[PDB]
Amino acid sequence: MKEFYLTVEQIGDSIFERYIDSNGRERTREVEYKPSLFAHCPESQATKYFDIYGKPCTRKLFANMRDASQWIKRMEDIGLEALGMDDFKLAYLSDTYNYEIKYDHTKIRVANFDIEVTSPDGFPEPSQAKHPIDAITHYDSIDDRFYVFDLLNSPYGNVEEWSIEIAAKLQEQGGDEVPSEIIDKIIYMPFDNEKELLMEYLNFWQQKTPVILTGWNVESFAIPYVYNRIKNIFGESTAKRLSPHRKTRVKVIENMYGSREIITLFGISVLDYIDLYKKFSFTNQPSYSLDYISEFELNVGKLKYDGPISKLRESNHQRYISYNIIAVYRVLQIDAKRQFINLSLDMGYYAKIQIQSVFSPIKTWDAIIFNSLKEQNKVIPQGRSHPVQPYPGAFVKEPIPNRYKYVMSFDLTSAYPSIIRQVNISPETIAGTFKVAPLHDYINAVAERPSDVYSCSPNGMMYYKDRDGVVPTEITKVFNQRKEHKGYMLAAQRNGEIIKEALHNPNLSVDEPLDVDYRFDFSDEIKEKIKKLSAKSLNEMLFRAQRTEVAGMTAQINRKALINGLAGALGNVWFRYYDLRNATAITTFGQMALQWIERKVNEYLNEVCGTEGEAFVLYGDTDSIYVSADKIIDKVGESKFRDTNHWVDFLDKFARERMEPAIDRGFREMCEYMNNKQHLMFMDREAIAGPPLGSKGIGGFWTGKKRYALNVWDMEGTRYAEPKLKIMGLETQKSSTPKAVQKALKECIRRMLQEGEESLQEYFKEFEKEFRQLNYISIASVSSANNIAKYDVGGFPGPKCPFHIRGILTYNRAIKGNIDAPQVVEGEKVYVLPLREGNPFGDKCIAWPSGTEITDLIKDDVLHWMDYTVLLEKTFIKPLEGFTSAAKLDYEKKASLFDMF
DNA sequence: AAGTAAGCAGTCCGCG
DNA sequence: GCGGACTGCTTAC
Ligand SMILES: Nc1nc2c(ncn2[C@H]2C[C@H](O)[C@@H](COP(=O)(O)OP(=O)(O)OP(=O)(O)O)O2)c(=O)[nH]1
Ligand SMILES: [Ca+2]
Ligand SMILES: [Ca+2]
Ligand SMILES: [Ca+2]
Ligand SMILES: [Ca+2]
Ligand SMILES: [Ca+2]
């Protein structure tokens, strides 16, 4: 097999590499890598190396990496560009793997671990590590085993061994319900003392040294805790055995609020699953406890135990250990679904970076572009410092607030990356500038044509047309991968809808789910067998389809994020190819494109309706348009349609056969106007939206920019079994809005769009009457809590103190004295509730850590003093008033003449 | 980490 | 009470 790296490090003048050799074995080597860098040289000097602008360079081979780094410094002293890849490990990887890496994940040791630390005096700080580690569960992907290290004797209590027999039993048998499918995979090791446990853990670690190291909060908790505990007991040399090269750095993570310590383990790639989830999931959660996320992702119930965690080991060691094991398994289950480790490996190996570098789009693109240029013997420019400067972004149309009955939406496929490719925007393709007219003059095609030679953006920039830049070349490659996975995702989605339909008529039989590939549209034969399946088999198939869709979603949306990150990186001062001329060329072209096409669509539709000056485009944001289809439906007449699906078909056909070709003609003209390299503006239909045929539903409404709701029947070619709401920006979509309130607001919107005013009024009346019964957590607001200290003045709110910060201070006074009450963590999220006048907490609100029940000593008082009136007005009535006034609808029945009977 | 546009909650204080 | 200037937070792209 082809060799591939596992990890790479620079340690002084050596590269330390762990890799998989041609026989599939893991090896480690130390290489005295001699790096090269480059200087510009005279034209007369024959060379094969040129910079991205075609200027000749001479290669400088250094005796070692320190000599190279020192040369960079002196070149700065002289004031001359030191060219080439200054991150020597990236150059090493490029030299050593000069081919597209094919990796075999089965050979990569992925370790998932979690530790337990009993602490009677509050949160056990990892920098101090003053308490024994009393449990470690460490799952190894190569062994497929959960290794459990269990401390039986501690100053905080001596306990009996954990029983695998009890662990397996149902909770109704007094057991722990450790999943039957992992029971046989547990290797249990009890220990008489902590020193023995830790020495054995280190020997185990030496034998089975993680390449990828993950778990939940491992970077901020488990890793530094383990490192520091071993350090305290045994000394530094022993703690450094966590690194395969015995090298560690105590690194600081800091922005503007504070600072925390992480331990860099050289020769390991730490991918903390909480950080993976935050970067790759495209959710924003009210809480990031593993309990919370596991429930959301897997629909598993929280791990329930009596009493505080600080007393769980002594009261119920059995459950304490079982929950440690289950916690490790839950992360594996989340990854089986989301496939973020697979994603990281794919992207890391593609770019030829340390795998942990996938968290940095800048590093990722730097490596991609370097490898691409190196292929042509081209030499990358030196990174420079730039002052941060603001620059313009997208255009967003101001909508008229209203209901909108029939709506069709369109938007550009991968807008910013397509603009880069179309215009040929790249550091080395800049050809010059032209005299810019106001943007509206381009939008209306009255400005002079910018260039008869070069490809232009309306910001004044011109680009070469003879050859693609490296940015367009490399962005195209990742775009094509994105396109492939999105195809699989959408096929799985369509397949899901087929199954949902068949579930209306399940057969009474005993049968099996079909063995199919959900990434491909079901054939006619498959569809026929589906119509004969039992509900049990159909539900299992639906589960499998939806898992396939999620896998496709992960693969596609993160590749989209990477390519959109390249467009953004051009406006990031840390990027090697930072250039506000290019960043603004993209965004300004985007503004033109949207407004140009708005004009064209209006012109087209006014022509097919025989009107003049009518605005068919009601809204647009960045690269999208929303077209009112009322007049199209009305031209045939509502009564001519058999059912909802009939007019949906008709609008789909109209969009595809009339609108899209007209859109395409408009964009081809724009391409010629800007003299662009290649027409790549592909604005395809997104949504077909409207009320159910014959109903009083309003179909949709806008309240303002980035705030709307549509009742959708078809989304990018997926025809839903049941209509689905597309809601953007409204409170139903915000993590800050109480859970029960999102739900209730969503139902109000459903009723408005699908059923109408009377239905809305009926629901509102019920919600208002019943809502006081809702669980306090379900009606609490949520906020991030930054800068708690700044606004704290002797335990009381300082000037300008934000409402949620006020609530935290209230909480802090109420739990003062307690070492054991949960502390609010700076930068984490809190639940927030308003408090009625004259409450014993002495302020108008209280906040506590999100994802948790408020501590028992104050819980009863919070419940008693919760201000339900304020909560309802602020989170429910105020937003609902906004939705209904925009939609010209009343949520409460107004008096009428009929009342007099 | 370090793409911009833009919405709403809340504080502070003016607005005769 | 609403509105602007402002901070804070959170979305839509
Ligand atoms: N830097 C950055 N830019 C973004 C992000 N989301 C959207 N944009 C910019 C770049 C996009 O091309 C543009 C249009 O946004 P869309 O959400 O419609 O995405 P795009 O058109 O790229 O992909 P699509 O094919 O519509 O799924 O807005 C983001 O998360 N980061
Ligand atoms: Ca735990
Ligand atoms: Ca788009
Ligand atoms: Ca599309
Ligand atoms: Ca059937
Ligand atoms: Ca869009």
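Just so it is clear, the values below take in all heavy atoms, side chains as well, and ignore hydrogens, waters and symmetry mates. Reminder, nothing fancy here: chain letters follow the sequence lines and each chain counts from 1.
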Going by an N to O cut-off under 4.0 Å, is there a salt bridge joining [X] and [Y]?
X	Y	result
A/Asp714	A/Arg685	yes
A/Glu731	A/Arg707	yes
A/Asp272	A/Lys278	no
A/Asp867	A/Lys874	no
A/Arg750	A/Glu747	yes

From [atom1] of [X] over to [atom2] of [N], roughly how many Å is that when rounded to an integer?
X	N	atom1	atom2	value
A/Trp702	B/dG7	CH2	P	15 Å
A/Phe883	B/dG7	CZ	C1'	12 Å
A/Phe280	B/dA1	CZ	P	14 Å
A/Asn787	B/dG10	CG	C1'	16 Å
A/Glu881	B/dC8	CD	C1'	15 Å
A/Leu594	B/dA5	CG	P	14 Å

Can you list, by residue number, the residues of residues 730-737 of chain A that have a non-hydrogen atom closer than 4.0 angstrom to DNA chain C? A/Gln733, A/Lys734, A/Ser735
Which of the following nucleotides, [options], is nearest to the side chain of [X]?
X	options	answer
A/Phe803	B/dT11, C/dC9, B/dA6	B/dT11
A/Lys705	B/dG7, C/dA12, C/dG8	B/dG7
A/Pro802	C/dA12, C/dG8, B/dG7	C/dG8
A/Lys706	B/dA5, B/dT11, C/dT10	B/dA5
A/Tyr791	C/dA12, C/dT7, B/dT4	C/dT7

Apply the side chain to side chain contact (heavy atoms under 4.5 Å, CB included) test between A/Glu261 and each candidate in A/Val250, A/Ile253, A/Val252; give the one that qualifies.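 Among the candidates, only A/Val250 passes.
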Classify A/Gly729 by what it touches in the nucleic acid, base, sugar-phosphate, or nothing, heavy-atom distance under 4.0 Å. sugar-phosphate
Counting the atoms with a prime plus P, OP1 and OP2 as sugar-phosphate, which does A/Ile586 contact under 4.0 Å by heavy atoms, base, sugar-phosphate, or nothing? nothing
Centroid under 5.5 Å and tilt under 30°, A/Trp574 to B/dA2: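 Yes; by the centre-distance and plane-angle rule, A/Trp574 counts as stacking on B/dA2.
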Please compare A/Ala569 and A/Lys397 by the position of their nearest nucleotide in DNA chain B and report the one closer to 5'. A/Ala569
Closer to the 5' end of DNA chain B via nearest nucleotide, is it A/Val396 or A/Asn572?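 Nearest-nucleotide comparison on DNA chain B picks A/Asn572.
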Cation-pi check for A/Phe266 against A/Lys89: NZ or CZ below 6.0 Å from the six-membered ring centre and within 45 degrees of the axis, yes or no?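 Not flagged: A/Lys89 not positioned over aromatic ring of A/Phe266.
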Classification of the B/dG7 sugar, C1'-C2'-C3'-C4' positive north, negative south: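 North pucker for B/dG7; the sign of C1'-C2'-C3'-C4' is positive.
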